[PDB]
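Residue numbers for the sequence shown follow the deposited numbering, so the first one is 1 and each next one is one higher. Heads up, the beta-carbon is just placed ideally off N, CA and C, and yes, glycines get one too.
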Amino acid sequence: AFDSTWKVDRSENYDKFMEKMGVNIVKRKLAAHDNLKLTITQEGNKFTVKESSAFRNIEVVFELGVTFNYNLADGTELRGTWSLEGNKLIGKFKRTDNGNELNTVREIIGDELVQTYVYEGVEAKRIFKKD
Numbered sequence: 001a002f003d004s005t006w007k008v009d010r011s012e013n014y015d016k017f018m019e020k021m022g023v024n025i026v027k028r029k030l031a032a033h034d035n036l037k038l039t040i041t042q043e044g045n046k047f048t049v050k051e052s053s054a055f056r057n058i059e060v061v062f063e064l065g066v067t068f069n070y071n072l073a074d075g076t077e078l079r080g081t082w083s084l085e086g087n088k089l090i091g092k093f094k095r096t097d098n099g100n101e102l103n104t105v106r107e108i109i110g111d112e113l114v115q116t117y118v119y120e121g122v123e124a125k126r127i128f129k130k131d
């Protein structure tokens with residue numbers, strides 16, 4: 001349940017979602033073809049999450065309920081919270097570049113971390129397999 005190495009298998013509508021966020025064709029196609037390995041480690045309420053990719057290796061220490069600037073694969077600065085609700089880690093974010101809302105639902109379907117990303121009202125569903 002969550003605390004393990006999760007790598008991206010299949011990314012569904014993510015270049016359309018990133019076209020509504022305002023990002024260039026080179027960076028937008030590399031954020032679809034990204035190779036993102038998320039190793040989630042529990043620290044003391046906090047989650048120390050090692051985010052290993054073709055762009056960057058970033059260790060993100062988030063507390064359950066804290067308002068922080070989260071950054072994705074290329075360049076998207078998100079002020080907001082990771083909150084635990086009924087299995088699911090709920091990413092309630094908004095762009096500190098804009099004002100617009102971004103909703104990232106982290107959930108385990110058996111042995112797959114399936115991230116549903118909603119910007120304004122546009123769905124993109126990234127399926128992460130175990131390593």
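{"Check": "Proximity below 7 angstroms, CB of residue 32 to CB of residue 73", "Outcome": "no"}
{"Check": "Residue 19 Cβ short of 6 angstroms to the ligand MG heavy atom set", "Outcome": "No copy of the ligand MG appears in this structure; indeed no ligand is present at all."}
{"Check": "Local conformation of residue 26 per DSSP, three classes", "Outcome": "helix"}
{"Check": "Classification of residue 83 by the beta-carbon crowding that lies within 10 angstroms, buried from 16 upward", "Outcome": "exposed"}
{"Check": "Residue-level contact to chain D via CB, residue 113, 7 angstroms cutoff", "Outcome": "No chain D is part of this structure, which consists of one protein chain only."}
{"Check": "Boundaries of the alpha helix (DSSP H) in which residue 17 is found, first to last residue", "Outcome": "14–21"}
{"Check": "Cβ neighbours of residue 75 in the same chain (closer than 8 angstroms, five flanking residues each side left out)", "Outcome": "23 and 27"}
{"Check": "Cα-Cα separation, residue 121 to residue 106", "Outcome": "17 angstroms"}
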